[PDB]
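Given next are the chains, with one letter for each unit.
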Amino acid sequence: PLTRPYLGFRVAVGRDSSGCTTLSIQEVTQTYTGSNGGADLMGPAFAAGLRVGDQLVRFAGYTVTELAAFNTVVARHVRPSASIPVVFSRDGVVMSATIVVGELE
């Protein structure tokens, strides 16, 4: 699957307590859809607990490029009942949680 180059969130480049160069999310990006799903809203995101506050890198090392880099990953990850492990950080914290996103129930 794949989606168009659309960004529905904010990303700020900074440094955490650890210092791995990561971008924190201020808005919601798990509430949008259009590829292999078509249903931008809030529902499946809350199932995993994806909300504003935590940062998403989805990369080994607790580091990320920017919204542009996440735009491709998200689109590629976008699938019907597709759940995969994501790496998030909390102000320099290391934690991993599985999030299941449903694009086509």
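Criteria and thresholds
Summary of conventions: residues on each chain are numbered from 1 in written sequence order, possibly unlike the entry numbering, and any residue without coordinates is omitted from what is shown. Think of the side-chain values as coming from all heavy atoms in the structure, minus any hydrogens and water. In DSSP terms, a helix is any run of H or I states spanning at least four residues, a strand is any run of E spanning at least two, and both are numbered starting from the N terminus. Radius of gyration here is computed from C-alpha atoms only, and the compact-globule reference equals 2.2 Å multiplied by the residue count raised to the power 0.38. Accessible area is worked out with a 1.4 Å probe on protein chains only. A residue is then buried under 20% of its type maximum, exposed over 50%, and partly exposed in between. By the convention used here, residues are in contact when the closest approach between their heavy atoms is within 4.5 Å. For the accessible areas, the method is Shrake-Rupley and the probe is 1.4 Å, while residue cover comes only from the protein chains on display. Charge assignment: positive for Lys and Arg, negative for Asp and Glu; neither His nor the chain ends contribute. Taken as the charge centre is NZ of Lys, CZ of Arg, CG of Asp or CD of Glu, depending on the residue. Pairing of N or O atoms within 3.5 Å defines a polar contact, subject to two protein rules: one partner must be a possible hydrogen donor and the other a possible acceptor, and residues neighboring in sequence count only if both atoms are side-chain atoms.

**So, the overall build of the protein**
Secondary structure assignment for the protein yields 2 helices and 5 strands. For a compact globule of 105 residues, the expected C-alpha radius of gyration is about 13 Å, and the protein comes in at 13 Å, within 12% of that figure. Counting across all 105 residues of the protein, residues that qualify as buried make up 30%. Of the contacts made within the protein by residues no fewer than 6 positions apart, 57% connect residues no fewer than 24 positions apart. Accessible surface, the protein: about 6700 Å² in total, of which carbon and sulfur atoms supply 55%. Computed over 8 positive and 8 negative side-chain charges, the separation of the two mean positions in the protein equals 4 Å.

**Notes on the side chain of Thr29**
As for its position among the elements, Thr29 is in the loop between β2 (22-25) and α1 (44-48). Its relative accessible area of 9% is what places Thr29 among the buried residues. With near-sequence residues (within four places) excluded, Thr29 lies in contact with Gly8, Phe9 and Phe70.

**Points about the environment of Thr63**
With respect to the helices and strands, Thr63 occurs in the loop between β3 (55-56) and α2 (67-77). Excluding its chain neighbours within four sequence positions, the residues that come into contact with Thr63 are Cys20, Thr21 and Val57.

**Examining α2**
For α2, the full list of buried residues reads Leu67, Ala69, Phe70, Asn71, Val73 and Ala75. Summarising the contacts, the buried residues of α2 are in contact with β1 (11-14) and β3. With a side-chain oxygen positioned 3.0 Å from the backbone nitrogen of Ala68, the residue opening α2 is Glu66.

**Observations concerning the side chain of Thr22**
Relative to the helices and strands, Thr22 is located in strand β2. Judged by relative accessible area, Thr22 falls into the buried class, the value being 4%. Within the local environment of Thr22, its side chain forms a polar contact with the side chain of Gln55, the two groups lying 3.4 Å apart. Residue contacts for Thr22: discarding those within four places in its chain leaves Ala12, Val13, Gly14, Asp16, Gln55, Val57, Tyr62 and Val64.

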